[PDB]
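J.: this one's sequence-less:
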C-alpha cells in the first residue's frame, strides 16, 4: 500500500575517493514491483571525476527488486518509514570503498542520502585509469546472521581487453521501524547498465533490473 507501482527517486551522493571530493545529484523513476529503475545523474561538485564512474553505480535501493509472493519482501515492508544500508566494496587490487544510503519516502518519492568513501586505489589501476566497461550481472546472497539482514556478492567489472576485475560486496540492511519481519535466506539477481553518458561522465543515465528468487 505504501509503495505505488510508479515511484519517483531523488538522490544525493557526497563522496571522497583517493582524496578527491565530489557531489552527485540523481533524479529518476522506477517500478518497484517489476524490479526496474532508471536515474539521471549529474556531478555537481568535483567534476570531472578522475576515477571510473562504475565504482559508484551500485550506490545509486532493494525496493526496486521483483519479489515473488512466497519470499518476505523486507524492503517494501520497511516503508513508509524507510530503511538504511551500509556496504563494503573490496576490490582485488586493494582499493576499498564504503558506502551508505539512508532511504525515506514522502508520497510517491524515495529520497536517498548517500555517502561514498574510497581509498587505496592504485594510480595505474583500472579505476584511476578509467578502464572499466560494466559490472557483470550478479546474484546477491541474502541471509540473516546475528539478527542482521546481509547481502553478499562476488562482483566483477569487465575491463577493456575483456579482463575482469573482482570486487566483493557485503551490504547490511536495517529497517527504521522496529519489528519488520526478516526474510528467509534467498537470492536477488541484478543487472546494472550505464545507458548513456557525456564525455567526462559529468552526466550519466543509469538502469538496474533486479529479481528475487529462492535457491
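T.: Here it is on my side, so go on. Residues are numbered from 1 along each chain as shown.
J.: From residue 77, how far out is the residue lying closest to residue 71 once chain neighbours are set aside?
T.: Distances taken as CB to CB, 6 or more residues apart in numbering place residue 186 nearest to residue 71, at 5.1 Å, with adjacent residues excluded. Every residue, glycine included, has its C-beta placed from N, CA and C. For residue 186, the distance to residue 77 equals 14 Å [CB to CB, to the nearest Å].
J.: Ok, residue 51 next?
T.: 36 Å.
J.: Which of those two has more residues huddled nearby?
T.: Counted by other CB atoms under 10 Å, residue 51 and residue 77 do not tie: residue 51 has more neighbours, with 23 against 18.
J.: okay, which residue is most central for this structure?
T.: Against the mean C-alpha coordinate of the chain, by CA atoms, centre = their mean, the closest residue is residue 58 at 2.7 Å.
J.: For it, which non-adjacent residue is closest in space?
T.: residue 192 (6.3 Å).
J.: and the one you found, helix, strand or coil?
T.: strand (DSSP: H, G, I helix; E, B strand; the rest coil).
J.: Surely it touches residue 53?
T.: No. Residue 192 is not in contact with residue 53 according to CB atoms under 8 Å; the separation is 11.8 Å.
J.: about what we covered before: can you pull the contacts of the residue nearest to residue 71?
T.: Counting by CB atoms under 8 Å, 6 or more residues apart in numbering, residue 186 touches 71, 142, 212, 213, 214, 215.
J.: same deal with residue 55?
T.: If you count contacts by CB under 8 Å, 6+ apart, residue 55 has them with 17, 89, 91, 95, 97, 118, 127, 132.
J.: got it, and residue 35?
T.: 64, 65, 66, 209, 210, 211, 212.
J.: mind listing which of those residues are in strands?
T.: 209, 210, 211, 212 (DSSP state E).
J.: Let me know how buried the third one is, in neighbour terms.
T.: Residues within reach of residue 211, counting by other CB under 10 Å, total 16.
J.: Would you confirm that it contacts residue 189?
T.: Yes. Using CB under 8 Å, residue 211 is in contact with residue 189, at 5.0 Å.
J.: Same list (the contacts of residue 186) but as TSV, adding neighbour count and distance to residue 34.
T.: As requested, the contacts of residue 186 are exported to TSV (neighbours: other CB atoms under 10 Å; distance: CB to CB, whole Å):
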residue	neighbour count	distance to residue 34
71	17	16
142	24	19
212	21	12
213	13	15
214	10	19
215	6	23
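J.: before we move on, which element is the closest residue in space to residue 29 that isn't next to it in sequence in?
T.: In space, and not counting its chain neighbours, residue 29 is closest to residue 8: 5.6 Å by CB to CB, 6+ apart. Residue 8 is part of strand 7-17 when elements are defined by DSSP states H and E.
J.: Pull the contacting residues for residue 44.
T.: Residues in contact with residue 44 (CB under 8 Å, 6+ apart) are 23, 24, 25.
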